[PDB]
């Protein structure tokens, strides 16, 4: 359980959607993070992989703000304290809004995988994962905006999938978090994305998986990493 509470881009800081506070305010601030009803700080499970909740988490609505970032620059996402038990991959996607992201129809976002890390080392079961690297780096993850991606208004969908109960059908726990970015630069690529409701299935090898054994490989779920990615 947890959420993205802060975002840093080239020395400027942007509050996340503080789901522990904003849902209970009459006038919460405008932020680049999407609002969600995931008030218990929980997850989306595989029974919702074809439903709108998997896109940007439960009942999510776009943030009213966007953060500028140069193509080729970095975006740092700062999570709340992530529990070590929640081992799994850390996956990040960009989707062009082709318009103002704050009024986008989230079912029309086609997500391009631009960053993904999975099982790092399994010499001691259940292994060291991207989520453990995230914990060690001050509970944060940094992604690079591909330098060739065309400028525009994009959603960054940043996600931890916790696998500690994924040995059972519908056991995986997806924690997606969306923020709005205004990407600048001289990129010209418009890679093909995947609709959020088509990213994952409940039987994917990285989704239905028993991490309490030595794994020789872990297939990170979702579409292929885009060749333009860092």
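Residue numbers count along the first chain shown, from 1.
Colleague: Got a sec? Mean C-alpha B-factor, which is higher, 67 to 75 or 94 to 102?
Modeller: Mean C-alpha B-factor is greater for 67 to 75.
Colleague: Going by the mean C-alpha B-factor recorded in the entry, which is higher: 1 to 9 or 221 to 229?
Modeller: Taking the mean B-factor of the alpha carbons in each, 221 to 229 is higher.
Colleague: From 46, 195, 33, 187, can you pick the one with the highest C-alpha B factor in the entry?
Modeller: Out of 46, 195, 33, 187, the record gives the largest C-alpha B-factor to 187.
Colleague: Take the CA temperature factors straight from the PDB entry and tell me which of 144, 153, 80, 131 peaks.
Modeller: Result of the comparison over 144, 153, 80, 131: 144.
Colleague: Test of reading the entry: by CA B factor among the chain's modelled residues, which third contains residue 183?
Modeller: For residue 183, whose C-alpha B-factor we compare with every modelled residue in the chain, the answer is the highest third.
Colleague: Consider only the C-alpha atoms of the modelled residues in this chain, order them by B-factor as the entry records it, and name the third containing residue 107: lowest, middle or highest.
Modeller: It belongs to the lowest third of the chain when residues are ordered by C-alpha B-factor.
Colleague: Among the modelled residues of its chain, does the C-alpha B-factor of residue 177 lie in the lowest, middle or highest third?
Modeller: Ranked within chain, residue 177 CA B lands in the lowest tercile.
Colleague: Ranking the modelled residues of this chain by C-alpha B-factor as given in the entry, is residue 85 in the lowest, middle or highest third?
Modeller: For residue 85, whose C-alpha B-factor we compare with every modelled residue in the chain, the answer is the middle third.
Colleague: In terms of the chain's CA B-factor thirds, is residue 207 lowest, middle or highest?
Modeller: CA B-factor rank for residue 207: lowest third.
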